[PDB]
Structure formats: C-alpha cells, structure tokens
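The file input.cif comes next; it holds mmCIF, C-alpha atoms and all ligand atoms.
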data_start
#
loop_
_atom_site.label_atom_id
_atom_site.label_comp_id
_atom_site.auth_asym_id
_atom_site.auth_seq_id
_atom_site.Cartn_x
_atom_site.Cartn_y
_atom_site.Cartn_z
CA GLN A 1 144.99 29.64 150.66
CA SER A 2 142.07 29.62 148.26
CA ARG A 3 140.53 32.81 149.64
CA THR A 4 142.16 35.08 147.05
CA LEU A 5 140.95 33.07 144.15
CA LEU A 6 137.42 32.83 145.63
CA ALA A 7 137.24 36.59 146.10
CA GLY A 8 138.41 37.09 142.50
CA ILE A 9 135.82 34.63 141.24
CA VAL A 10 133.02 36.45 143.10
CA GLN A 11 134.46 39.71 141.77
CA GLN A 12 134.48 38.39 138.21
CA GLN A 13 130.87 37.36 138.63
CA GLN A 14 130.01 40.96 139.49
CA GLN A 15 132.00 42.09 136.44
CA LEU A 16 130.17 39.75 134.09
CA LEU A 17 126.86 40.76 135.58
CA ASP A 18 127.73 44.39 135.00
CA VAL A 19 128.59 43.62 131.37
CA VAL A 20 125.33 41.83 130.72
CA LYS A 21 123.28 44.53 132.43
CA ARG A 22 124.86 47.20 130.22
CA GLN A 23 124.51 44.96 127.18
CA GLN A 24 120.78 44.70 128.06
CA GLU A 25 120.52 48.51 128.09
CA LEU A 26 122.11 48.71 124.64
CA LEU A 27 119.89 45.90 123.36
CA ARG A 28 116.82 47.73 124.63
CA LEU A 29 117.87 50.88 122.79
CA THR A 30 118.38 48.81 119.67
CA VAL A 31 114.94 47.31 119.99
CA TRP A 32 113.47 50.80 120.46
CA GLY A 33 115.23 51.95 117.28
CA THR A 34 113.90 48.93 115.36
CA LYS A 35 110.34 49.65 116.51
CA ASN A 36 110.63 53.34 115.62
CA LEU A 37 111.93 52.49 112.14
CA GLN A 38 109.25 49.84 111.60
CA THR A 39 106.50 52.40 112.22
CA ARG A 40 108.14 54.90 109.87
CA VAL A 41 108.76 52.36 107.10
CA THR A 42 105.11 51.17 107.36
CA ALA A 43 104.01 54.82 107.04
CA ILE A 44 106.14 55.28 103.94
CA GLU A 45 104.72 52.09 102.35
CA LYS A 46 101.15 53.25 103.17
CA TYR A 47 101.90 56.69 101.73
CA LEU A 48 103.28 55.30 98.51
CA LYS A 49 100.44 52.86 98.06
CA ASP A 50 97.94 55.68 98.54
CA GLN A 51 99.74 57.85 95.99
CA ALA A 52 99.84 54.97 93.49
CA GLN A 53 96.13 54.37 93.87
CA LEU A 54 95.43 58.12 93.39
CA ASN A 55 97.52 58.09 90.21
CA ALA A 56 95.80 54.99 88.96
CA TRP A 57 92.53 56.89 89.26
CA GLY A 58 94.12 59.33 86.78
CA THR A 59 102.05 56.92 83.48
CA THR A 60 102.57 56.05 87.13
CA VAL A 61 104.56 53.09 88.38
CA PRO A 62 102.22 50.67 90.08
CA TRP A 63 103.09 50.11 93.74
CA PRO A 64 104.32 46.58 93.35
CA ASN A 65 103.42 44.96 96.65
CA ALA A 66 100.58 42.49 97.16
CA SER A 67 97.18 43.49 98.53
CA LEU A 68 97.73 41.30 101.56
CA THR A 69 101.15 42.66 102.28
CA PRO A 70 100.16 45.27 104.93
CA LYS A 71 98.14 42.74 106.93
CA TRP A 72 100.93 40.23 106.78
CA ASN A 73 103.59 42.71 107.81
CA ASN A 74 101.35 43.92 110.65
CA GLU A 75 100.68 40.42 111.93
CA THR A 76 104.35 39.39 111.65
CA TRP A 77 105.62 42.44 113.57
CA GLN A 78 102.92 42.10 116.17
CA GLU A 79 104.33 38.62 116.79
CA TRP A 80 107.79 40.13 116.84
CA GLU A 81 106.65 42.75 119.40
CA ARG A 82 105.14 40.08 121.65
CA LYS A 83 108.31 37.97 121.55
CA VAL A 84 110.75 40.86 122.11
CA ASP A 85 108.67 42.39 124.91
CA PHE A 86 108.52 39.04 126.68
CA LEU A 87 112.25 38.50 126.33
CA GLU A 88 112.90 41.98 127.73
CA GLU A 89 110.73 41.34 130.75
CA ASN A 90 112.29 37.90 131.34
CA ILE A 91 115.82 39.17 131.07
CA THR A 92 115.06 41.91 133.51
CA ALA A 93 113.84 39.27 135.98
CA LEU A 94 116.87 37.07 135.45
CA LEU A 95 119.19 40.01 135.99
CA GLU A 96 117.40 40.85 139.20
CA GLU A 97 117.79 37.28 140.41
CA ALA A 98 121.47 37.31 139.49
CA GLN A 99 121.98 40.44 141.53
CA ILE A 100 120.38 38.79 144.53
CA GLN A 101 122.56 35.71 144.07
CA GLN A 102 125.57 38.07 143.87
CA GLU A 103 124.65 39.51 147.21
CA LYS A 104 124.13 36.04 148.71
CA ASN A 105 127.56 35.03 147.47
CA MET A 106 129.23 38.16 148.88
CA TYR A 107 127.50 37.56 152.18
CA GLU A 108 128.89 34.04 152.21
CA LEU A 109 132.33 35.26 151.20
CA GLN A 110 132.23 37.74 154.10
CA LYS A 111 131.12 34.99 156.54
CA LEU A 112 134.03 32.89 155.18
CA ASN A 113 136.91 33.70 157.47
CA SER A 114 134.34 34.94 160.01
CA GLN B 1 133.24 24.82 154.33
CA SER B 2 133.57 27.09 151.36
CA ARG B 3 131.01 24.59 149.99
CA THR B 4 128.12 26.96 150.42
CA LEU B 5 129.80 29.84 148.66
CA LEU B 6 130.90 27.39 146.02
CA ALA B 7 127.33 26.25 145.55
CA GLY B 8 126.26 29.80 145.16
CA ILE B 9 128.99 30.54 142.60
CA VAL B 10 128.04 27.53 140.47
CA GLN B 11 124.42 28.61 140.64
CA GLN B 12 125.21 32.16 139.63
CA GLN B 13 127.11 30.85 136.65
CA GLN B 14 123.98 29.04 135.47
CA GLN B 15 122.06 32.28 136.09
CA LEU B 16 124.49 34.27 133.95
CA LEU B 17 124.38 31.61 131.28
CA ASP B 18 120.61 31.88 131.26
CA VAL B 19 120.72 35.63 130.81
CA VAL B 20 123.08 35.38 127.82
CA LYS B 21 120.97 32.64 126.22
CA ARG B 22 117.87 34.92 126.45
CA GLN B 23 119.89 37.91 125.26
CA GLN B 24 120.95 35.88 122.23
CA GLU B 25 117.32 35.04 121.42
CA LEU B 26 116.47 38.77 121.70
CA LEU B 27 119.49 39.73 119.56
CA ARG B 28 118.48 37.16 116.87
CA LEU B 29 115.02 38.74 116.74
CA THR B 30 116.52 42.19 116.47
CA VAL B 31 118.81 41.01 113.64
CA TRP B 32 115.76 39.50 111.88
CA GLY B 33 113.97 42.85 112.20
CA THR B 34 116.98 44.72 110.82
CA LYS B 35 117.05 42.39 107.83
CA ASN B 36 113.35 42.75 107.23
CA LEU B 37 113.58 46.53 107.34
CA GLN B 38 116.68 46.60 105.13
CA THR B 39 114.83 44.64 102.42
CA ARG B 40 111.80 46.99 102.66
CA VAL B 41 113.88 50.16 102.58
CA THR B 42 115.80 48.82 99.56
CA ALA B 43 112.45 48.17 97.84
CA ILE B 44 111.32 51.71 98.59
CA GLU B 45 114.56 53.20 97.25
CA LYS B 46 114.24 51.13 94.07
CA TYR B 47 110.65 52.20 93.63
CA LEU B 48 111.44 55.86 94.05
CA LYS B 49 114.31 55.67 91.56
CA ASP B 50 112.11 53.91 89.05
CA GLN B 51 109.40 56.51 89.53
CA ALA B 52 111.92 59.34 89.18
CA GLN B 53 113.29 57.94 85.92
CA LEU B 54 109.77 57.56 84.46
CA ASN B 55 108.88 61.08 85.48
CA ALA B 56 112.06 62.50 84.03
CA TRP B 57 111.46 60.67 80.73
CA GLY B 58 108.24 62.65 80.23
CA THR B 59 123.86 53.66 95.35
CA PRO B 60 122.05 50.27 95.22
CA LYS B 61 125.29 48.45 94.36
CA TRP B 62 127.27 49.81 97.32
CA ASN B 63 124.50 49.33 99.80
CA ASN B 64 123.92 45.78 98.62
CA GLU B 65 127.58 44.82 99.00
CA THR B 66 128.05 46.50 102.36
CA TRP B 67 124.91 44.70 103.66
CA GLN B 68 126.18 41.49 102.14
CA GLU B 69 129.26 41.84 104.32
CA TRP B 70 127.10 42.71 107.29
CA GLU B 71 125.06 39.58 106.71
CA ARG B 72 128.09 37.30 106.54
CA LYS B 73 129.46 38.69 109.81
CA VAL B 74 126.13 38.55 111.61
CA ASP B 75 125.56 35.09 110.40
CA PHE B 76 128.99 33.90 111.51
CA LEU B 77 128.51 35.37 114.97
CA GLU B 78 125.07 33.89 115.46
CA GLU B 79 126.38 30.43 114.67
CA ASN B 80 129.47 30.89 116.80
CA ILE B 81 127.64 32.13 119.83
CA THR B 82 125.16 29.28 119.68
CA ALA B 83 127.98 26.80 119.74
CA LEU B 84 129.75 28.69 122.57
CA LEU B 85 126.56 28.65 124.63
CA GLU B 86 126.15 24.96 124.20
CA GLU B 87 129.80 24.42 125.29
CA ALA B 88 129.13 26.63 128.33
CA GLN B 89 126.16 24.50 129.26
CA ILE B 90 128.20 21.39 129.08
CA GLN B 91 130.92 22.85 131.29
CA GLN B 92 128.24 23.99 133.69
CA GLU B 93 127.00 20.40 134.00
CA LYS B 94 130.60 19.27 134.65
CA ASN B 95 131.12 21.86 137.36
CA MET B 96 127.91 20.77 139.01
CA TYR B 97 129.17 17.18 139.11
CA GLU B 98 132.47 18.17 140.54
CA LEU B 99 130.74 20.11 143.28
CA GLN B 100 128.77 16.96 143.77
CA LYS B 101 131.94 15.00 144.50
CA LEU B 102 132.50 17.71 147.10
CA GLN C 1 141.16 19.68 146.60
CA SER C 2 138.44 22.07 145.67
CA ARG C 3 141.04 22.65 142.88
CA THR C 4 139.34 20.81 140.03
CA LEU C 5 136.11 22.59 140.68
CA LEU C 6 137.89 25.94 140.97
CA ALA C 7 139.60 25.30 137.63
CA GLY C 8 136.21 24.40 136.18
CA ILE C 9 134.69 27.63 137.45
CA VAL C 10 137.60 29.78 136.13
CA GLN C 11 137.27 28.01 132.79
CA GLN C 12 133.53 28.68 132.71
CA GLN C 13 134.16 32.41 133.50
CA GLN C 14 136.43 32.36 130.45
CA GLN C 15 133.66 30.81 128.37
CA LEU C 16 131.14 33.37 129.55
CA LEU C 17 133.52 36.23 128.83
CA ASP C 18 134.08 34.82 125.34
CA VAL C 19 130.27 34.67 124.77
CA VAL C 20 129.68 38.25 125.95
CA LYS C 21 132.61 39.55 123.83
CA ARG C 22 131.07 37.93 120.71
CA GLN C 23 127.64 39.12 121.69
CA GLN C 24 129.05 42.66 121.87
CA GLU C 25 130.41 42.31 118.37
CA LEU C 26 126.95 41.18 117.21
CA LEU C 27 125.37 44.12 119.09
CA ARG C 28 127.78 46.59 117.51
CA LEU C 29 126.85 45.29 114.05
CA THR C 30 123.16 45.54 114.84
CA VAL C 31 123.63 49.13 116.02
CA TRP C 32 125.48 49.89 112.80
CA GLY C 33 122.55 48.53 110.81
CA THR C 34 120.03 50.49 112.82
CA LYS C 35 121.96 53.69 112.17
CA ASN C 36 122.30 53.00 108.43
CA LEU C 37 118.56 52.43 108.21
CA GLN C 38 117.80 55.58 110.20
CA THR C 39 119.92 57.62 107.80
CA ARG C 40 118.17 56.15 104.75
CA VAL C 41 114.62 56.33 106.09
CA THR C 42 115.27 59.96 107.06
CA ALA C 43 116.45 60.61 103.44
CA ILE C 44 113.30 59.03 102.07
CA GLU C 45 111.02 61.03 104.41
CA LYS C 46 112.78 64.22 103.34
CA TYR C 47 112.52 63.38 99.68
CA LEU C 48 108.83 62.59 99.87
CA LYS C 49 107.95 65.70 101.83
CA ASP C 50 109.96 67.86 99.47
CA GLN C 51 108.36 66.29 96.44
CA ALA C 52 104.89 66.71 97.83
CA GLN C 53 105.48 70.37 98.57
CA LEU C 54 107.08 71.08 95.22
CA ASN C 55 104.18 69.43 93.47
CA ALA C 56 101.63 71.34 95.56
CA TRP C 57 103.46 74.56 94.65
CA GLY C 58 103.64 73.83 90.93
CA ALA C 59 100.00 72.83 90.68
CA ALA C 60 99.19 76.23 92.28
CA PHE C 61 101.43 78.25 90.04
CA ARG C 62 103.06 75.94 87.40
CA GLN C 63 106.24 77.97 87.28
CA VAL C 64 109.09 75.82 86.03
CA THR C 65 98.37 64.84 91.54
CA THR C 66 100.34 64.49 94.80
CA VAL C 67 99.08 63.29 98.16
CA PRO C 68 100.28 65.74 100.83
CA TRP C 69 103.03 64.33 103.00
CA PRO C 70 100.98 64.12 106.20
CA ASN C 71 103.52 64.51 108.98
CA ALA C 72 103.62 67.63 111.15
CA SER C 73 106.00 70.39 110.11
CA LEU C 74 108.25 69.84 113.08
CA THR C 75 108.61 66.04 112.77
CA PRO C 76 112.02 65.84 111.07
CA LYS C 77 113.67 68.13 113.69
CA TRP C 78 112.04 66.12 116.46
CA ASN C 79 113.16 62.88 114.85
CA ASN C 80 116.66 64.19 114.46
CA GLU C 81 116.91 65.33 118.11
CA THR C 82 115.49 62.03 119.37
CA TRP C 83 118.01 59.96 117.38
CA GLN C 84 120.85 62.30 118.37
CA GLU C 85 120.00 61.40 121.92
CA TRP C 86 119.72 57.69 121.04
CA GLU C 87 123.17 57.93 119.49
CA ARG C 88 124.67 59.59 122.54
CA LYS C 89 123.31 56.83 124.73
CA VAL C 90 124.45 54.03 122.40
CA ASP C 91 127.88 55.59 122.23
CA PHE C 92 128.13 55.77 126.04
CA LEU C 93 127.15 52.16 126.30
CA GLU C 94 129.64 50.97 123.70
CA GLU C 95 132.46 52.83 125.49
CA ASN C 96 131.35 51.52 128.86
CA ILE C 97 130.90 47.92 127.83
CA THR C 98 134.33 47.93 126.13
CA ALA C 99 135.82 49.19 129.37
CA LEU C 100 134.00 46.59 131.44
CA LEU C 101 135.14 43.81 129.09
CA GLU C 102 138.76 44.89 129.46
CA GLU C 103 138.32 44.88 133.27
CA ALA C 104 136.80 41.40 133.04
CA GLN C 105 139.70 40.19 130.98
CA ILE C 106 142.17 41.56 133.57
CA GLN C 107 140.34 39.85 136.38
CA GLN C 108 140.22 36.58 134.37
CA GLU C 109 144.03 36.69 134.07
CA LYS C 110 144.41 37.46 137.82
CA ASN C 111 142.11 34.52 138.61
CA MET C 112 144.13 32.23 136.31
CA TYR C 113 147.33 33.37 137.97
CA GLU C 114 145.94 32.58 141.39
CA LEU C 115 144.61 29.23 140.21
CA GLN C 116 148.09 28.32 138.86
CA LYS C 117 149.78 29.16 142.13
CA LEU C 118 147.42 27.63 144.61
CA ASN C 119 147.79 24.23 142.98
CA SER C 120 151.59 24.57 142.65
CL CL A 201 102.27 47.69 100.94
CL CL A 202 128.29 52.17 114.33
CL CL A 203 108.58 64.33 108.10
HG HG A 204 105.39 33.66 122.12
HG HG A 205 122.26 22.97 136.57
#
How does this structure look as structure tokens?
Ligand SMILES: [Cl-]
Ligand SMILES: [Cl-]
Ligand SMILES: [Cl-]
Ligand SMILES: [Hg+2]
Ligand SMILES: [Hg+2]
Amino acid sequence: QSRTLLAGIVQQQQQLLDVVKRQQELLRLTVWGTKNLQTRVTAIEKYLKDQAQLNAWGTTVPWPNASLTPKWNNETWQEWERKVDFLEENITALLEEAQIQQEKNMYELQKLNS
Amino acid sequence: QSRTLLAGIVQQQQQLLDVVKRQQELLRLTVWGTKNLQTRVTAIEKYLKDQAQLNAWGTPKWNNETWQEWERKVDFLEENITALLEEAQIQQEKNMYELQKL
Amino acid sequence: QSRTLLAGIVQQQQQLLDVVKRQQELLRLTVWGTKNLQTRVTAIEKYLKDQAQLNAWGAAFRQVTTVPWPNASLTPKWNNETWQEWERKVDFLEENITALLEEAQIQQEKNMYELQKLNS
C-alpha cells in the first residue's frame, strides 16, 4: 500500500543524486575556468608592471598597485586553491558514499516484498 | 519492516544535504574568485584606457552596471540558499525523530 | 502509520529540490561571469600583443620602449579552442541539469500524489 510511494522516494533520491553529480561537473569546470583566468590576469599584471618600470627608467602612467600586491594576491589565491581542491575531493567522496547508500536502499527495496 | 529501507532513506537524505552544503561552500569560493578577478580586470581596463589617452595626447559604465546586477542576484541567492539549507537540516532532525518513534 | 515520516521525507525531497534549483541559478550566474571575464581578458591579451608588435615595428622603421608580449605565437588560437571546448561542455551540462530538474519535479509531484492517496 506504501510500496509505490517508497519506490518513488528511492527513485527521487537517484534523481537528486544525478542532479548533484552533474552540478559537481559544472562546478569543476567553473573552478578550472577561474584558475585559468587567474593565471592569465596575474601574467597581465606582471607584464604591465614590468613595462611601467621600463618606462620609468626612461610620460608613462605609473602602474598604480602596491609593491606587496603580487605577494598578497599569490598568497590569497594559494589559500583559495587549497580550499577549493579540498572541497572538490570531499564532495567526490560524499558523492561516492551517496551512490553506495543508493545501492543499499535499492537492495532493501528489492528485498521488500521478497 | 520497511524500517530498514526507511532508515536508509533518511540517511541518504542527510548525505545529499551534506553534498549540497559542501557544494555551496565551493560555489561561494568560486563567486569570491569571480569578484576578485572582475575587480582586477576592471583595473587593467581602466589603466589601459588611461595610458591610451596619455599617449594620444602626445564601456566601464555598462560593465559596472551589469556586474552590479550580477552582484545583487548572486548575493540574494547565497543568502537564500543558506537559509534553505538550515531549514533542510531542521527537517532532517524531525524526520530522524519520527523514525525514532518507529 | 509510517505516514508522518513519509510526509516528512517527501517534504524534505521538496526542500532539497528547491536548494538544487537555486544552486543551479547561482551556478548559471557564475558561468556567465566566467565567460564575460574570458571575453575581456582575451581582448586585453590581444590588445597588448598587438601594441607590442606595432611598437616593435615602428621602432625598427618609424613609418607612421615596449616589452615584447612574451606568449608563444599560437597561444590565442590554443586558448580559443580550449575555451570553445569548455563552453561546449558547460552548455551540455546546463541542458542536462535543466532536464534532470524537470524530471525531479515530475517525480516530486508523483510522490505527493501517492502520499495524498495512501493516507486517504
Ligand atoms: Cl601588481
Ligand atoms: Cl551564460
Ligand atoms: Cl597571447
Ligand atoms: Hg583550509
Ligand atoms: Hg542526523
């Protein structure tokens, strides 16, 4: 009498798991893009600071940022990398455990009538 | 009877809730990084325009407003999802008690 | 009499679906931002390379002071192809997740239907 609902609940759990797995894939691609851009923006900032210094040796608009800025940005994003890489590893683990629990639940649903 | 499957369903809901909490922390970090890059690219664009004008002597609006909108939206959603997650956790605790009664 | 629990579980599935739908909206906005930045950084890279080459040329010939743009010749094409692929993948995922969310919504309604009948 409740079997139908139970089956649909277990089914919905698979559906939600599928959604969050595919959301994790899209999040990973977004994280990749962010990393790729960070390296390219840092290169541009480095380039422009080098060109400003060369000009200075020679007017030419002083590269405004502070001396310390490259170090700071490097340290901040290294922290960012460590946090994001940990979260990606943890979510992968949690997703794997959810898949196992999904299988356990299906097994139990199948054992249900007999 | 169906108790064991039920236990397993309740547990998988906590597992799903845990994934989405972690995914929100990852998404917040990614949003931070987007913001940080947006500010740095804006700075670079401004610098290059300044330099161009100086050189020639011898866009920003639009972008700012569009990113203002983006910020409002992002910010709304971050708040909203945090509250939804906390509600989910509370309902999770209720479902665990009810299973308990079982 | 597992009813209250079952209603609690169906309600929590609703809450989880609501969370993942809002998380997708946040993800879509983040993707948008990533794309906007990619377009602008690519524009900057192109401008700087062009400027560097034009200045190198004029200093050689002066025909109506710059640090050479260091990247390899082929980098912009490689960048473009890599992000075209990124885009293709992001687009697949956005279509797929939207489809999975609609399926989830359908199954939530079927579950609610069944919950309303078993207790009645
Ligand atoms: Cl700098
Ligand atoms: Cl987009
Ligand atoms: Cl290049
Ligand atoms: Hg940490
Ligand atoms: Hg718990």
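All residues, whether protein, DNA or RNA, that have an atom at most 10 Å from ligand CL 202 (chain A) (counting all atoms listed in the file) are residues 27, 28, 29, 30, 31, 32, 33, 34, 35, 36, 87, 90, 91 and 94 of chain C.
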Practice problem: At a cut-off of 9 Å, list the chain C residues touching chain B, using all atoms listed in the file, as JSON, numbers by chain. | Solution: {"C": [1, 2, 4, 5, 6, 8, 9, 11, 12, 13, 15, 16, 18, 19, 20, 22, 23, 25, 26, 27, 29, 30, 33, 34, 37, 40, 41, 44]}
Next item on the list: Check which residues fall inside 8 Å of ligand CL 203 (chain A) when counting all atoms listed in the file, and print them as a list in words.
Entry: residues 45, 46, 49, 69, 70, 71, 72, 73, 74, 75 and 76 of chain C
task = With a cut-off of 7 Å and counting only C-alpha atoms, select all residues of chain C in contact with chain A and give the selection as a PyMOL selection string.
result = chain C and resi 31+34+38+65-67+90+93+97+100-101+104+107+111+114-115+118
Once you count only C-alpha atoms and all ligand atoms, which residues end up within 9 Å of ligand CL 201 (chain A), and could you hand them over as a PDB file with C-alpha atoms, keeping the file's coordinate frame?
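Saved to result23.pdb:
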ATOM      1  CA  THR A  42     105.110  51.170 107.360  1.00  0.00           C
ATOM      2  CA  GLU A  45     104.720  52.090 102.350  1.00  0.00           C
ATOM      3  CA  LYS A  46     101.150  53.250 103.170  1.00  0.00           C
ATOM      4  CA  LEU A  48     103.280  55.300  98.510  1.00  0.00           C
ATOM      5  CA  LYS A  49     100.440  52.860  98.060  1.00  0.00           C
ATOM      6  CA  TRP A  63     103.090  50.110  93.740  1.00  0.00           C
ATOM      7  CA  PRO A  64     104.320  46.580  93.350  1.00  0.00           C
ATOM      8  CA  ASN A  65     103.420  44.960  96.650  1.00  0.00           C
ATOM      9  CA  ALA A  66     100.580  42.490  97.160  1.00  0.00           C
ATOM     10  CA  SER A  67      97.180  43.490  98.530  1.00  0.00           C
ATOM     11  CA  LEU A  68      97.730  41.300 101.560  1.00  0.00           C
ATOM     12  CA  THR A  69     101.150  42.660 102.280  1.00  0.00           C
ATOM     13  CA  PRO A  70     100.160  45.270 104.930  1.00  0.00           C
ATOM     14  CA  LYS A  71      98.140  42.740 106.930  1.00  0.00           C
ATOM     15  CA  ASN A  73     103.590  42.710 107.810  1.00  0.00           C
TER      16      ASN A  73
END
Practice task
Throw together the list of residues within 10 Å of ligand HG 204 (chain A), counting all atoms listed in the file, and drop it here as a ChimeraX atom specification.
Solution key: /A:79-87
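The coordinates place atom CA of residue 102 of chain C at 12.8 Å from atom CA of residue 14 of chain C.
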Distance cut-off 7 Å, counting only C-alpha atoms - which residues of chain A neighbour chain B? Return them as a list in words.
residues 31, 34, 38, 61, 84, 87, 91, 94, 95, 98, 101, 105, 108, 109 and 112 of chain A
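Across B:59, B:49, B:93, B:64, the tightest approach to ligand HG 205 (chain A) is made by B:93 when counting all atoms listed in the file.
Computed from the coordinates, the atom CA of residue 77 of chain C to atom CA of residue 28 of chain A distance equals 23.4 Å.
Atom pair atom CA of residue 99 of chain A / atom CA of residue 86 of chain B: separated by 23.6 Å.
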Repair of segment 23-37 of chain B at the level of N, CA, C and O atoms, as a short mmCIF file (atom, residue, chain, number, x, y, z; two decimals), in the coordinates of the input:
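Contents of the output file rebuild_30.cif:
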data_model
loop_
_atom_site.label_atom_id
_atom_site.label_comp_id
_atom_site.auth_asym_id
_atom_site.auth_seq_id
_atom_site.Cartn_x
_atom_site.Cartn_y
_atom_site.Cartn_z
N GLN B 23 119.44 36.73 126.00
CA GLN B 23 119.89 37.91 125.26
C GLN B 23 120.22 37.53 123.80
O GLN B 23 119.93 38.32 122.90
N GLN B 24 120.75 36.29 123.62
CA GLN B 24 120.95 35.88 122.23
C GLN B 24 119.65 35.71 121.47
O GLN B 24 119.59 36.05 120.27
N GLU B 25 118.60 35.17 122.10
CA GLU B 25 117.32 35.04 121.42
C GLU B 25 116.79 36.43 121.07
O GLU B 25 116.35 36.68 119.96
N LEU B 26 116.94 37.41 121.95
CA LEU B 26 116.47 38.77 121.70
C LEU B 26 117.28 39.41 120.56
O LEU B 26 116.79 40.07 119.67
N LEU B 27 118.63 39.21 120.62
CA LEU B 27 119.49 39.73 119.56
C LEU B 27 119.15 39.09 118.22
O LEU B 27 119.14 39.78 117.19
N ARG B 28 118.82 37.78 118.16
CA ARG B 28 118.48 37.16 116.87
C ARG B 28 117.21 37.79 116.31
O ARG B 28 117.08 38.00 115.10
N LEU B 29 116.25 38.09 117.17
CA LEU B 29 115.02 38.74 116.74
C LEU B 29 115.28 40.15 116.22
O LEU B 29 114.63 40.60 115.28
N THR B 30 116.21 40.82 116.87
CA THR B 30 116.52 42.19 116.47
C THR B 30 117.25 42.17 115.13
O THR B 30 117.00 43.02 114.24
N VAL B 31 118.11 41.19 114.92
CA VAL B 31 118.81 41.01 113.64
C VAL B 31 117.78 40.68 112.58
O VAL B 31 117.84 41.20 111.44
N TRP B 32 116.80 39.81 112.87
CA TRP B 32 115.76 39.50 111.88
C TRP B 32 115.10 40.83 111.49
O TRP B 32 114.81 41.10 110.31
N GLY B 33 114.71 41.63 112.47
CA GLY B 33 113.97 42.85 112.20
C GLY B 33 114.77 43.85 111.36
O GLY B 33 114.25 44.43 110.44
N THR B 34 116.08 43.91 111.62
CA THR B 34 116.98 44.72 110.82
C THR B 34 116.99 44.26 109.37
O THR B 34 116.95 45.06 108.44
N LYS B 35 117.07 42.95 109.19
CA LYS B 35 117.05 42.39 107.83
C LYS B 35 115.75 42.69 107.12
O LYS B 35 115.71 43.07 105.95
N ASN B 36 114.64 42.48 107.82
CA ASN B 36 113.35 42.75 107.23
C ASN B 36 113.19 44.21 106.81
O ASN B 36 112.72 44.54 105.72
N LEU B 37 113.59 45.11 107.71
CA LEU B 37 113.58 46.53 107.34
C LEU B 37 114.52 46.88 106.21
O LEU B 37 114.14 47.67 105.33
#
